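Beneath this line is the structure, given in C-alpha cells, with notes to follow.
Note on naming: letters A, B, ... go to the chains in the order of the sequence lines (proteins, then strands), and numbering restarts at 1 for each one.
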Amino acid sequence: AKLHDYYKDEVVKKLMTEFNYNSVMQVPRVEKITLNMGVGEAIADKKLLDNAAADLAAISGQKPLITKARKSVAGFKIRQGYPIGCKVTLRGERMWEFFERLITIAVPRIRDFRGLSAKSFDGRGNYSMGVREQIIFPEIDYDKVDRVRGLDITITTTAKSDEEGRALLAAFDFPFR
Amino acid sequence: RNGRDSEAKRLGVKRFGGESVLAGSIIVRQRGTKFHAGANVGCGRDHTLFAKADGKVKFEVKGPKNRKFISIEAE
Amino acid sequence: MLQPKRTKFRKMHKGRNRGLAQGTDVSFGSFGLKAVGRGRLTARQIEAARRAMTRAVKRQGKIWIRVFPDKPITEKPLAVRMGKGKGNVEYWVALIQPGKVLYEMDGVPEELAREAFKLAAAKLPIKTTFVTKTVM
Amino acid sequence: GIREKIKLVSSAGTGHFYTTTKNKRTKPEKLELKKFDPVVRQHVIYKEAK
Amino acid sequence: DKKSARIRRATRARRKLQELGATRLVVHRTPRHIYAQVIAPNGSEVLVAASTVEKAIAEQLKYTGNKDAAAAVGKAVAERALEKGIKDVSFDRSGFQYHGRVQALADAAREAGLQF
Amino acid sequence: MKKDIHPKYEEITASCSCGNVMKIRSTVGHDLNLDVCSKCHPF
RNA sequence: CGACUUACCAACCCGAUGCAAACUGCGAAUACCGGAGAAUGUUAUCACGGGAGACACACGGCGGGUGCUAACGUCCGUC
RNA sequence: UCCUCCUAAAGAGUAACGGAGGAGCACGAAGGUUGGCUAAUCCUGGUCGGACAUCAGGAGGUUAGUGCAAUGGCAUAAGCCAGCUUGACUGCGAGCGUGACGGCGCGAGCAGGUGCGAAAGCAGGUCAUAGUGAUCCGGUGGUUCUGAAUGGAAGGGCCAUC
RNA sequence: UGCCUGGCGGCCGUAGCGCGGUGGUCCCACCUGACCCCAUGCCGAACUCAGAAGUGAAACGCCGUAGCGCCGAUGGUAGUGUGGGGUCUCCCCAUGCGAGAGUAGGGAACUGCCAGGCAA
C-alpha cells in the first residue's frame, strides 16, 4: 500500500509533466497481475496439483483456480476437462502489496542474477516475465519443497502503447537490463 | 453399396399467407426454424408452427437478422 | 495431365452443355483461341494442344490454360451388362460453350501466334478462331 | 440395448407403478424419485423394484 | 461493454413480455436516479413514469440511489398507477439482479397496491 | 472476499543485513532473515 | 549472448479468370395454395351407396438419372 | 426395416442392382426451471514449453459448439457453468398434418396434484428429423366387472406391464 | 418551440465500420470505499451495496470526412410460359414475363411516447 501512496503523491505529477497530457487521468494505471504455470505433468502424476496450488497460495494472498485445456491436442496427449495448470489474479490492494514483496526482496535473490529483460513487452501495455525457482519468495526455504517448478508473472496496465508503457515501468524503477 | 433412402416427411408450408385458419391448425412443417412464431402463433417441440387463435395467417420480416415470422390477425 | 486433386465426389451427373460461355474476353495476355463450337475437351486433348504450342513458339512467351477438366467421366468395361451401378472414372473432360477462350498467348509476334494456335486447333474436336486483346 | 428396464413401485399401499430404464453397473443405486400416484392422487416416493 | 451485456441479458424477458401482450413495469438502475416506467403492450406508449430526477420527488430524500429513494419512487409510481386505473403489470428486471434496489422497488410497489 | 478458504495474511516485519526494515503481509511465517533488498545491493 | 544476405522453396492474403446434382452473400418464368369479381360450362364439384375393370403399358415433345448426351435401350416427372 | 442429402424439373409427392452416408442407442442426468456467461482461427509478450498445453492484450464475429451420420436451425442462444429439483406427472384434449388402411406426428386449453422463480411465467422428457415389431398364445400386479344350482374359487374381462 | 440528455419502441446495413473533431450546468460513464446485504468454481473484475473528491481518456452521444461495407436504376444480356420452324446431343421466330452481375447514381439515417436540465 506504500507504493500506491507513493504512486498517488508525486509520480503522477512526474508522469503528467513528462507526457504533458491535457489531463492527469490519461496516465496509465496498473489494474491487475496474474500468476500462472502450465505444469502439464498432471497426467503423469495427478496428485501434484495439491502442492502446486498450495505453494502459489502461500506466494500469493489467496487461493488459485485450476484451469482446463481449451481443446484436444494429440501432440501433448491432453483433452479438455483434465487440469494442466493453475493461476491466480491479483487486483485492488492485494496486487499493490504483492508487487512490493516482488520488487523489494524477490529480484535481488535471483540465483545467478544477470538482468531483467526489457524487450519483453506485448505492445499494448502488458508486461510478462518468468522465474526458475521459488527461492526468490521468502515462503520457500528448501526444506518443505523439492521441485524446480517455475511460474510466470504477467502485469497488465491501462497503457495504450509501448512508449507510455515503458515510461511507466521506468517510473517504477524496474531493473531495465 | 448405395440404394438406401428414407421415406419423405412431407415438410413445408401447409397454410399460405392471407388464408383464414382455425385455432390449432398447422401452418408450417419444418426441421429447424425457417419461420419464427409471432402473435397468436406457437412453436411446438418439433418446431411446427400452429395457430393459437382464429384468423388469417400473415408473413413478414422482423428482427435485426431479417428473419421471417408468421402471425395471425384476428379479422 | 490436368486433373483435380482430392475432389469432393468421385462421380457426378452427366448434366447438359446448354448455355453460353462466360470467359469470352482476353484478360491475361494478348492473343486467345476462342471456341465457337459446342462440346467438351478431354485432358488428353488439352495436353496435346498445349504441347503443340509450347513447341511451336520454341520456349518463348507465356501460355495460359483457361479451361480445366474438373468433371469425371465414366466408361463401362467391355462385355458388361447394363446396370450394376455407375461405371468407374477413366478420364476427365471440360465443358466448353461457344465463345469460351481456351488458350491464351502473350509475348510473341502476332503472326507466330496464328500458326501456333492453328496447329493447336488442328488437334481439337470443336470450331475455334483467333482473337486479340480488345481495349475494353 | 445394454441399458435394461426397471419398475418403480409407489411407496404408498396402492400397487400403481411406473416403468423406465437405467444402467445397473453405472448407477447400481436405487431410484427414489417422487412421482404422481393416480390411485391416491398425491405425489409420493417411488422405490425401484424388479 | 456493460451496456451491451445488459440488453443481451434482458432480451429474453423483453421478448417474452412482448408476446404475452401485457403491461410491463420496466426499471432502469444507475449509480444515481433509479428510473421506473410502465409500458403498454404495444410498446410505443408509456402510461406512467417515476424517478428521483423530478424535484417534486427529490425534495425530501437525503440522497438519490438508496433504498429510501428506491422505496419513495416505488410508492410514487404505485399511486400514479392506481389513480390512472391500471392494476395488473409484469415486473421487468431489465438485466438487473432482483437483489437490492430492484427488489426494494418491487416489494414497495407490491405492498402499495401494484400486485404482480 | 471468500472466507475460510485462503491462507493467513497476517502482517509481519522483516529486516535485511544492510539495515533496511519493512513490514509486509504474507504467510512467510514468524521471522525473516534477509541479506539484500531492492536497494543496498550490488546492482 | 548481438546480427544479416539471398541467383532459392513457400504459408496466410490481395488483384484478375473459371467450374459444381450432393456450394449459395442473389434469383426468375411456370406450377401450387388462399381471397374477390364477370362471363361461360347439361353440377363440369363433394359426400354416401350398388357394380366394375385395371394394377405387363407403348411412342412423341419437354426436364433428368443410367448407357457411349448409342439403341424402336432402360428408369422417373409433365403433357 | 428405419434416418440425411442429391437425383426431384423453386408446394407436396416421385423410380432405377442411381451417387454419398448413418441407425437397432444413450442420458435420473446430458431432463425441468432459475441465474450467469459467449466460440474457431491468428498476431505480440512470457520458466521448462518446442508448430501445437496454460496466462495477458488485440484482430476476428460463429470459420466454434451442439451425446452419435447428414441436412436444417440455434445470440432471447437450442452452445457453456452453477443452484434447487423430478412436468420424463395422471385423466382428457377443440383443431390440424400425414398415410389405402393398421398407424404415426403436432397441439392451445380444462381438471387434479407438483417443481423452479420475488413475479409475470415455464415444465405432459432430450435443437429437430433414425434408436424399432402388428396379432395370437402366455407370465406378473391391481380391480366382487363376470364367475355357467347357490356361497366361494378356478378361468376369463378391464387397467398396468413383460 | 429550440438546443440537449436518459428510458422504452417502429424500422432495421441509405441504418453498419474506419479516420478526424467536439460534449460535463443536468444526465451518463469512469471513479472512491465496502465492517454489513450480495458475489468470485481465486480476484469489489463481473455482480451488489454505501458515496461523491475528481474527470470527460476509455465508453457513450453529436458533428464532419467517402476510405469501405451497403442501397441502386435505365438499357442490354441470360432464362422461361404459350404457339410455330430448323443445318434438331442445340438454337431460332411471334408473343408475354424478365433477372443475376456490372454501370451512372444514392448514401456516412428518419421517426413515435415519456422524464429531466438549459435557453425562450
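- Using Watson-Crick or G-U wobble geometry with both donor-acceptor distances under 3.5 Å, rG35(H) finds its partner in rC81(H).
- In the set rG113(H), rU41(H), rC42(I), the nucleotide with an atom closest to the side chain of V88(A) is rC42(I).
- A Watson-Crick or G-U wobble pair links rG51(I) with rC31(I), both defining distances under 3.5 Å.
- For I78(A), whose side chain is taken as the heavy atoms from C-beta onward, the closest listed nucleotide among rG19(H), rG95(H), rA53(H) is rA53(H).
- Residue whose closest nucleotide on RNA chain I sits further toward the 5' end, between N66(B) and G43(E): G43(E).
- Two rings, from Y46(D) and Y18(D), have their centers less than 6.0 Å apart.
- Distance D162(A) CG to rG58(H) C1': 15 Å, rounded to the nearest Å.
- Anti is the classification of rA149(H), since its glycosidic angle lies more than 90° from 0.
- Residue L11(B) is the one, among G38(A) and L11(B), whose nearest nucleotide of RNA chain H lies closer to the 5' end (criterion: closest heavy atom).
- Placement of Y63(E), defined by side-chain heavy atoms under 5.0 Å from groove-facing base N or O atoms, is in the major groove.
- One finds a side-chain N or O of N2(B) lying less than 4.0 angstrom from the OP1 or OP2 phosphate oxygen of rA20(H).
- The interatomic distance linking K27(D) (NZ) with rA26(H) (P) rounds to 13 Å, in whole Å.
- Here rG56(I) counts as south. Its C1'-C2'-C3'-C4' torsion is negative.
- With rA77(H), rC42(I), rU66(G) as the candidates, the nucleotide lying closest to the side chain of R12(E) is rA77(H).
- No donor-acceptor pair closer than 3.5 Å links the side chain of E19(E) to the backbone N or O of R15(E).
- Looking at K58(B) and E60(B), a side-chain N of the basic residue comes within less than 4.0 Å of a carboxylate O on the acidic one, giving a salt bridge.
- For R4(B) against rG21(H), a side-chain N or O and a base N or O form a donor-acceptor pair under 3.5 Å.
- Summarising the geometry of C86(A) relative to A52(A), their closest heavy-atom pair is SG-O, 4.2 Å, with the distance given to 0.1 Å.
- Pairing between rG73(H) and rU66(H): present (Watson-Crick or G-U wobble, both distances under 3.5 Å).
- With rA108(H), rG57(H), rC3(H) as the candidates, the nucleotide lying closest to the side chain of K52(B) is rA108(H).
- The base of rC90(I) is not paired with the side chain of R38(C) by any donor and acceptor separated by under 3.5 Å.
- A Watson-Crick or G-U wobble pair links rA70(H) with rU129(H), each of its two atom distances being under 3.5 Å.
- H28(E) does not qualify as a stacking partner of the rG7(I) base, lacking a centre-to-centre distance under 5.5 Å together with planes within 30°.
- Pairing check for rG9(I) against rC49(I): the two fail the Watson-Crick or G-U wobble geometry, since the two atom distances are not both under 3.5 Å.
- Results of the side chain to side chain donor-acceptor pair (under 3.5 Å) test with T156(A) over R124(A), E31(A), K32(A) single out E31(A) as the only residue that passes.
- With respect to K62(E) and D68(E), no salt bridge is recorded, no charged nitrogen being found less than 4.0 Å from a carboxylate O.
- In this entry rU38(H) carries a south-puckered sugar, per its negative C1'-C2'-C3'-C4' angle.
- Taking atom NE2 of residue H33(E) and atom P of nucleotide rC26(I), one finds them 9 Å apart after rounding to whole Å.
- Annotation: cation-pi pair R24(E)/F91(E) absent, no NZ/CZ under 6.0 Å from the ring centroid and within 45° of its normal.
- Between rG56(I) and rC28(I) there is a base pair of the Watson-Crick or G-U wobble kind, both donor-acceptor distances falling below 3.5 Å.
- When the pucker is read from the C1'-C2'-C3'-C4' torsion, the sugar belonging to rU126(H) turns out south, on the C2'-endo side.
- For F16(B) and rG34(G), the CZ to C1' distance is 9 Å, given to the nearest whole Å.
- Side-chain atoms of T33(B) and base atoms of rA78(H) include a donor and an acceptor less than 3.5 Å apart.
- Within 4.0 Å of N66(E), counting heavy atoms only, lie sugar-phosphate atoms of the nucleic acid but no base atom.
- Evaluation of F76(A) against the base of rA53(H) yields a stacking contact (centre distance < 5.5 Å, interplanar angle < 30°).
- Under 3.5 Å, the side chain of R40(C) and the base of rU69(G) form at least one donor-acceptor pair of N or O atoms.
- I43(A) is listed as a side-chain neighbour of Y82(A), based on a closest heavy-atom distance under 4.5 Å.
- For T21(D), the groove reached is the major one, judged by side-chain heavy atoms closer than 5.0 angstrom to groove atoms of paired bases.
- Checking the phosphate oxygens (OP1, OP2) of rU66(G), no side-chain nitrogen or oxygen of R81(C) falls inside 4.0 Å.
- For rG41(I), the base has a donor-acceptor partner in the side chain of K68(A) [N/O atoms by modelled type, under 3.5 angstrom].
- For the atom pair CG of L95(C) and CG of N17(C), the computed distance is 4.5 Å after rounding to the nearest 0.5 Å.
- The listed nucleotides are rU98(H), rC55(H), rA57(I); the one nearest the side chain of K14(B) is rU98(H).
- Between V41(B) and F50(B), every side-chain heavy-atom pair lies at or beyond the 4.5 Å cut-off.
- The number of heavy atoms from other shown groups lying within 6.0 Å of NZ (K86(C)) is above 12.
- Position along RNA chain I of the nearest nucleotide to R9(E) versus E60(B) favours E60(B) as the more 5'-ward residue.
- Contact of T20(D) with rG28(H) (side chain to base): a donor-acceptor pair of N or O atoms is detected under 3.5 Å.
- Summary of the strand contacts: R41(D) and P38(D) both lie near RNA chain H, and taking for each the nucleotide with the nearest heavy atom, the more 5' one is attributed to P38(D).
- Closest contact between the side chain of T156(A) and the listed nucleotides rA56(H), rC47(I), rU66(G) involves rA56(H).
- No donor-acceptor pair closer than 3.5 Å links the side chain of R70(A) to the backbone N or O of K68(A).
- Nucleotide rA15(I) carries a south-puckered sugar, as indicated by a negative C1'-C2'-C3'-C4' torsion.
- Regarding nucleotide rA22(G), the torsion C1'-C2'-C3'-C4' is greater than zero, so its sugar is described as north.
- When the P atom is compared between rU47(H) and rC68(H), the two are found 39 Å apart, to the nearest whole Å.
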Give each protein N/O atom lying under 3.5 Å from an N/O atom of nucleotides 123-127 of chain H, with the pair distance.
residue: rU126(H); atom: OP2; partner: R45(B); partner atom: NH1; Å: 3.3
residue: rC127(H); atom: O2'; partner: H47(B); partner atom: NE2; Å: 3.4

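- For the pair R110(E) and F116(E), the cation-pi criterion (under 6.0 Å, within 45° of the ring axis) is fulfilled.
- Separating the CZ atom of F50(B) from the P atom of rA108(H) is a distance of 5 Å, rounded to the nearest angstrom.
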Where do N or O atoms of nucleotides 61-70 of chain H meet protein N or O atoms at under 3.5 Å, pair by pair?
none

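- Between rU54(H) and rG97(H) there is no base pair of the Watson-Crick or G-U wobble kind with both of its two distances under 3.5 Å.
- Residue ring and nucleobase are not stacked for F116(E) and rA120(H) under a centre distance beneath 5.5 angstrom and an angle between planes beneath 30°.
- What you find for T24(C) and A21(C) is that their closest heavy atoms are CG2-O, 3.5 Å.
- What separates CG of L8(D) from P of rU140(H) is a distance of 22 Å, to the nearest Å.
- Look at NZ on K2(E): it is 9 Å from P on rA45(I), rounded to the nearest Å.
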